[PDB]
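Going by the entry's author numbering, the first residue of the sequence shown is number 1, and it counts up by one from there. One structure below.
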Amino acid sequence: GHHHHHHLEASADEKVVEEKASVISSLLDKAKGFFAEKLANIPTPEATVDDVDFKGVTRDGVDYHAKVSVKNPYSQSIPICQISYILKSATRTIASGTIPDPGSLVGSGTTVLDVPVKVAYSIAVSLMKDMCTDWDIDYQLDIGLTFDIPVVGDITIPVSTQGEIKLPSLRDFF
Numbered sequence: 001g002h003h004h005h006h007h008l009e010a011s012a013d014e015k016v017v018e019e020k021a022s023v024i025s026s027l028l029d030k031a032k033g034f035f036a037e038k039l040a041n042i043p044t045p046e047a048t049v050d051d052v053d054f055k056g057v058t059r060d061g062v063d064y065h066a067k068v069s070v071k072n073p074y075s076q077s078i079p080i081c082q083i084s085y086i087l088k089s090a091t092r093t094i095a096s097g098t099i100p101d102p103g104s105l106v107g108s109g110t111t112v113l114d115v116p117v118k119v120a121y122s123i124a125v126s127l128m129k130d131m132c133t134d135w136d137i138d139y140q141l142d143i144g145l146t147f148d149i150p151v152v153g154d155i156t157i158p159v160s161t162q163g164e165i166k167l168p169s170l171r172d173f174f
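Below you can see the structure in the form of structure tokens.
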């Protein structure tokens, strides 16, 4: 493809994503030890990433609609103030980001929220294998959404999800 013979810290995009990711992972890590003891005594809503819908394409990577379901028994609308977006692709390169308010909890119930996910985009910006026809790609999605509660403050719950995506024989969808 075209992603070859470029040397500026390997690739500025590939590099700057890691910059962001490193800091993001540190904030996720503060919450990790926090969950174990504090959020076991402090009832907090649980979120989870589920699946991605084959939806559309972007000229770089694909544009999917991923599900993030949150279930919360509390009759209050908790908005997700700061949602950490971590898109991954097999071995190397990811796409990191943070979306301000992607949705809110309905109050007492389960609610599926969605985020625009750039799938395969990561491996594309890095090297881009060569879009094939009928391609099972090793994809992962990790999301750390932040709930705010007067009990403590900010809790970023990183719900990790690993799977696989089958990218069909369009060949010009990637």
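The beta-carbon is built from N, C-alpha and C at its ideal position, and this holds for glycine as well.
In this chain, the alpha helix (DSSP H) harbouring residue 35 covers 12-37. A distance below 7 Å between beta-carbons, with the five flanking residues on each side excluded, links residue 102 to the following residues of its chain, in chain order: 80, 83, 113 and 115. When the five nearest sequence neighbours on each side are left out, the beta carbons in the same chain lying within less than 6 Å of the beta carbon of residue 61 are those of 118, 120, 121 and 124, in order along the chain. A residue is called buried once 16 or more other Cβ atoms fall within 10 Å of its Cβ, and residue 168, having fewer, is exposed.
Judged by pairs of C-beta atoms under 8 Å, the segment 61-73 touches the segment 37-51, as three or more such pairs exist. Assignment of residue 95 by DSSP, reduced to helix, strand and coil, places it in the strand class. Of the candidates 25, 104, 44 and 111, the residue whose Cα lies closest to the Cα of residue 87 is 25. Residue 174 is not bridged by DSSP to any residue.
For residue 123, the uninterrupted alpha helix (DSSP H) segment begins and ends at 121-126. In this structure, DSSP gives residue 158 an extended state, which the three-state scheme calls strand.
In the DSSP assignment, residue 6 falls outside any beta strand (DSSP E), carrying neither H nor E.
Residue nearest to residue 140 within the set 37, 92 and 154 is 92 (criterion: CA-CA distance). In this structure residue 78 does not touch residue 152 by the C-beta definition: roughly 13 Å separates them, more than the 8 Å allowed. Counting along the chain, residue 86 sits inside the beta strand (DSSP E) bounded by residues 83-89. Within the segment 41-85, not a single complete alpha helix (DSSP H) segment reaches 4 residues in length.
In the three-state DSSP reduction, residue 133 falls in the coil class, being neither helix nor strand. With 16 or more other CB atoms across the displayed protein chains lying within 10 angstroms of its CB, residue 95 is buried.
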